Participant: 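Below is a structure I'd like to ask you about.
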Amino acid sequence: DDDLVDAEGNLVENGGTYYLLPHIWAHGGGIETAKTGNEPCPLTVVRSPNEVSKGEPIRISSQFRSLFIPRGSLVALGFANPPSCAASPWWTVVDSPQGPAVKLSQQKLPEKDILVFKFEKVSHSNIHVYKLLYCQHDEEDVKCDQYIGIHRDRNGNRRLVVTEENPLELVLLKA
Amino acid sequence: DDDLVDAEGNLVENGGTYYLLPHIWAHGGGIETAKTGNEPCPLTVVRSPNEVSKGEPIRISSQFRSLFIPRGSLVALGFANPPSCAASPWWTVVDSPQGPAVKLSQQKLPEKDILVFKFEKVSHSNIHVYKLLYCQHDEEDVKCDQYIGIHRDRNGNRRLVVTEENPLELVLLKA
Amino acid sequence: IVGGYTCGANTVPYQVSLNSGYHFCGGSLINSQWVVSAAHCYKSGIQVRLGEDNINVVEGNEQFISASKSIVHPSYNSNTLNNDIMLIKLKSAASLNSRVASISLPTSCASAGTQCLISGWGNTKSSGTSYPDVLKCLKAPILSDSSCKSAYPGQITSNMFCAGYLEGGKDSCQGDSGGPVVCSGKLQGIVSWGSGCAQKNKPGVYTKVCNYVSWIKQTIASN
Amino acid sequence: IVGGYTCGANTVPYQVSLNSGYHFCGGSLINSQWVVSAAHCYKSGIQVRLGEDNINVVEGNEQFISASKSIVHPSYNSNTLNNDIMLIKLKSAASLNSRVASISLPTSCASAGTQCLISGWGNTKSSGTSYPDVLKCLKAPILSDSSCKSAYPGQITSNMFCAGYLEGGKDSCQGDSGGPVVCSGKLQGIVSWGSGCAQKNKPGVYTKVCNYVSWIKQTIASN
Ligand SMILES: [Ca+2]
Ligand SMILES: [Ca+2]
């Protein structure tokens, strides 16, 4: 169902830290950072190349003042232990040569540039897997009709970007 | 028993919050911010126009792992509650038309850019007052031979800048 | 709730608690058969705990009644947090008394600057974690619509209203959702959302109950 | 110390507490009459309290001996936090027992990976403040010189060295200054500086004692 739950079937703790790992039928590990472009520190959100690494623990937030993430709620996603050079730990989708890319910023980001994510259950069960949506403002109403995918770059980093296809799949493990 | 001490004569808590008041209030009130030039928000460090205001509470920190700021230590100075648009709450000295000025940034600045301050005790027989030195790296040493001062601009704002005259006189009041 | 105080046992008789194993959302008793909470607080096994104080101990004046129905506003939009209101019908009627009493619905919307009482068992200190055993309270004035929209760029609809303090330090928080916001003995708001908790220029945003009075009187008379 | 553990009464016999009406820095005993701490911890009239654990309560093993001469390093630079080493001579020779013992001077400059024990009564929270009554302990390894320079651009000199965890969460903090870094029975470093505490890619910087073995002995002989 459209309810958001972690690997063990538990709802997600609003503000709670999690590992964004792949399910067994995938390559790589958890979500990490990388230093691409002129970035002074790792500011690129990527999927770890190491099948063994849990990645970085991720802070998941919803504006709703509930203890859990409500269904269909947008969420802010950020590294609980961000690098020093990032103004805040929130992920943001920015324009770039590789298409819309998920990055950290050296500048404070208006809430509208971080409140841009939404999880989505993946129909079949056995594993509680979810895809990630990138949402945009049509002024009043917010729409989430675009997924986040993986785009391996020249240096091998599996960048998280808004891709036409090759959708990113996640299983959330409590940290 | 070291040089840096507040109004009540106590050593300054490393990382603690203090009001940076002036010795002679005809100079202005405590320190705060204002939007000058093309700045998108209050990024200019000024002495408040209000002759009665305590200004903003200011964090004073030394990298030294001591409880209180050691005598002669460099310091970073920041607002305990900076304006949303700033990346970090720390002050920095950027180059300007009318000379090196104390400002906030929308970009997270590396440590070298904020570890540029140092207090100098003023010889008043009774009342603890300090001037403020600006320091910049040179031959593998950091030199503090320039004072901070106030430059009244057209729009009135009492700007803190690196001037050779009108040096700042400071009295620290624990917040 | 952050910056609040301990209300006092059964001092907020209309305050209910939604349980699904533990407490997850507040709620307001509007009559012995219905409760009003938030739309994002919808679950299908809600047990309503009435006459509560210490939600972790049985102090003896509680009433546990399951929900037979849970009706989310037909126009609720999770993506925009708009129309965040829900109606819950208790399986059996709640015994009304001094420890368990319903709260009145509004007839007219509230005016900015009006002081209200926001309560809940939410996080008491946001910039860390600490959740109260006993119920917490907070006196918060409605804030002007302009400063509300200014606080949350492009997010405020007419079904929303801010309340609290633009300096921060006193606001509601995670756990208070669905709870009550009463002004002059009237239920004006439902704890809904906000950016963080008790942050400067980040006041609590509440569902504007007054816009749903006809929908509520219409739902209670059909189910 | 952040992310550490309670050492155990007198389990760190060489740990001393520099007192000024209250605890302000750590120190290390290298012989019945000499304590080595940091330069920035220099004060007038320092009182050295030996055999401590709970610095706020008297338990019976203490030994308070006032400083008779406090010799800060001749090339010490507060602007660069360089040569942050101080030598304190006591006016009365400490009585050596099992709870009050000297740590020997280093005979080598420990390489990266070497395991050490950092201790002190400093703050135990990276964010926030919380000062302990008892001495805290932290087992940490010396980090590569290159990891050190990358974390602190243009700040690391040959007289310093990083120890701890680049990922954060475990480190020394305010109130640990002048404190000891003992790696395998020898005094390798003194708690000096750092940026914040237990932060990511911001390890603790320690005075590299091995570079002062000569100074310490020119001093102790001529005093
Ligand atoms: Ca109870
Ligand atoms: Ca003691």
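All values below were derived from every heavy atom in this structure, side-chain atoms included, with hydrogens, water molecules and symmetry-related copies excluded. In listed order, ligands and their atoms are each counted from 1. Proteins come first, then strands; the chains are lettered A, B, ... in the order of their sequence lines, and each starts at number 1.
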Participant: Answer yes or no: does atom NZ of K139(D) have more than 12 heavy-atom neighbours from other residues, nucleotides or ligands under 6.0 Å?
Facilitator: no
Participant: Looking at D3(A) and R71(A), is there a salt bridge between them, counting it only when a charged N and a carboxylate O are closer than 4.0 Å?
Facilitator: yes
Participant: Short of 3.0 Å from the Ca ion (ligand 2), name each protein N/O/S atom, waters not counted.
Facilitator: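 Protein N, O or S atoms closer than 3.0 Å to the Ca ion (ligand 2): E52(D) OE1, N54(D) O, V57(D) O, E62(D) OE2.
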Participant: Give a yes or no on this: more than 12 heavy atoms of other residues, nucleotides or ligands lie within 6.0 Å of atom NZ of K69(D).
Facilitator: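 Result for NZ/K69(D): open.
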Participant: Which atom pair, heavy atoms only, marks the closest approach of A38(D) to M86(D)?
Facilitator: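 Answer, listing the atom of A38(D) first, then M86(D): O-CB, 3.2 Å.
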Participant: Are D171(D) and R65(B) close enough for a salt bridge, meaning some N to O gap below 4.0 Å?
Facilitator: yes
Participant: Do other residues, nucleotides or ligands put more than 12 heavy atoms under 6.0 Å from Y5(C) OH?
Facilitator: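 More than 12 heavy atoms, drawn from other residues, nucleotides or ligands, come within 6.0 Å of this atom.
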